Every structure is written in structure tokens, then in C-alpha cells.
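Chemist: here is the sequence, then the experimental structure:
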Amino acid sequence: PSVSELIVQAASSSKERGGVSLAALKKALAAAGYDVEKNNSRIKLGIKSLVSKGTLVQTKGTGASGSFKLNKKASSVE
DNA sequence: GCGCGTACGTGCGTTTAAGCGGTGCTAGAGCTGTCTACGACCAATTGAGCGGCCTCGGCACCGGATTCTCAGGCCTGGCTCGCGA
């Protein structure tokens, strides 16, 4: 499972009203068997790529350190 | 600046021993007298140490290598990014 796929799965899995933060996504990936320490840069890059592609809409914070949600709209505007 | 989680504040019923009081004791602080050992004072003597002079080598310095560390470029290895089936 690619980093972005696990990120999307965890984000759709969590039911936070305000979104899933960097710490929350790290905890989810760590619970998913992912090394959150050795691959931190990759997690951040995947998050940024998902934000840029419009897959994840950032709700709080700026950059990688904020919180993000699934965009249920861009999934059908391909 | 943000997120987490755990460790500290707040309150309540239970227990526990501090504090007050009283009493009794007797150990030791405190004062007093005797006198004896001990240190101040003072003269005489001499040798210990202070001052100057001399030397010579421990060390400061410089030249010269030898090994160490910091830094960095290049290669190998795997994992990711991405597009289609």
C-alpha cells in the first residue's frame, strides 16, 4: 500500500469534525504498520502531493503541519 | 504553533499525631573560692636565613615531519512516483 493510499484510507477512516492532523495521521500510519520515523519525509511529501492534487483539502494549519480532510467532490471531477 | 496525554490541582471523608496543659525530675549550666602552672618581660648569644652573585640547563622557540579529524564528492542500494492494464 502506497503512502498516499494509506493516508486516504486513514483519513476516510477517522470521523473527526475538523479533520485529521499530522500527528493523527502519524498515529494512524504507525498503527498501520508503517514506520513513522524512518519515512517522515515521505509521509510529508505524500501529504503535500495529495493537497496539491486536490485529493486532501486542508482545513486547519498551513503546509504539512496542519489538518486535512477528504474532498468528496474532486473524486468525480476527473 | 499545534496536538497530545499525564501529571498536578481541588475538594472531601478518615485518621493521625501535633499542641496544650500539667507534673516530676535531676543533669548540668552558672557562680564562687584556691592556688598553681604558665606565659609575659628582659638580658645575652649565635646561627638561620636574607641579599647579592654566578652558573647552566629546563624550557621557550622554531623547523620539520606524522597522524588525526572534518569535510565533502561519488557510488550502491532500495523505495517511490507515476501511467497504463
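Modeler: Nice, thanks for sending it over. Numbers count the residues shown, from 1 in each chain, chains lettered A, B, ... in the order given.

Chemist: ranges for the helices of chain A?
Modeler: Remark: helices assigned in chain A by DSSP state H are A:3-13, A:22-31, A:40-53.

Chemist: which one of these lies nearest to residue A:65?
Modeler: Checking the helices of chain A against residue A:65 by Cβ to Cβ gives helix A:22-31 as the closest, at 5.5 Å. No exception for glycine: its C-beta is placed from N, CA and C like everyone else's.

Chemist: roughly how far out does that closest one sit from the chain middle?
Modeler: Put simply, helix A:22-31 sits 9 Å off its chain's centre (Cα atoms, centre = their mean, to the nearest Å).

Chemist: go through that helix and flag the buried ones.
Modeler: Neighbour counts over helix A:22-31 (16 or more other Cβ atoms under 10 Å) mark A:22, A:24, A:25, A:26, A:28, A:29 as buried.

Chemist: before we move on, what about stretch A:57-69?
Modeler: So for stretch A:57-69, counting by 16+ other Cβ under 10 Å, buried means A:58, A:64, A:67, A:68, A:69.

Chemist: also stretch A:45-56?
Modeler: Using 16+ other Cβ under 10 Å as the burial criterion, the residues of stretch A:45-56 that qualify are A:46, A:47, A:50, A:51, A:55, A:56.

Chemist: residues in contact with residue A:37?
Modeler: Applying Cβ atoms under 8 Å, 6 or more residues apart in numbering, we find residue A:37 in contact with no residue.

Chemist: the one 5 residues further on too?
Modeler: Remark: with contacts taken as Cβ under 8 Å, 6+ apart, residue A:42 is in contact with residue A:3.

Chemist: my read: residue A:47 touches residue A:63, true?
Modeler: No. Using Cβ atoms under 8 Å, residue A:47 is not in contact with residue A:63, being 9.1 Å away.
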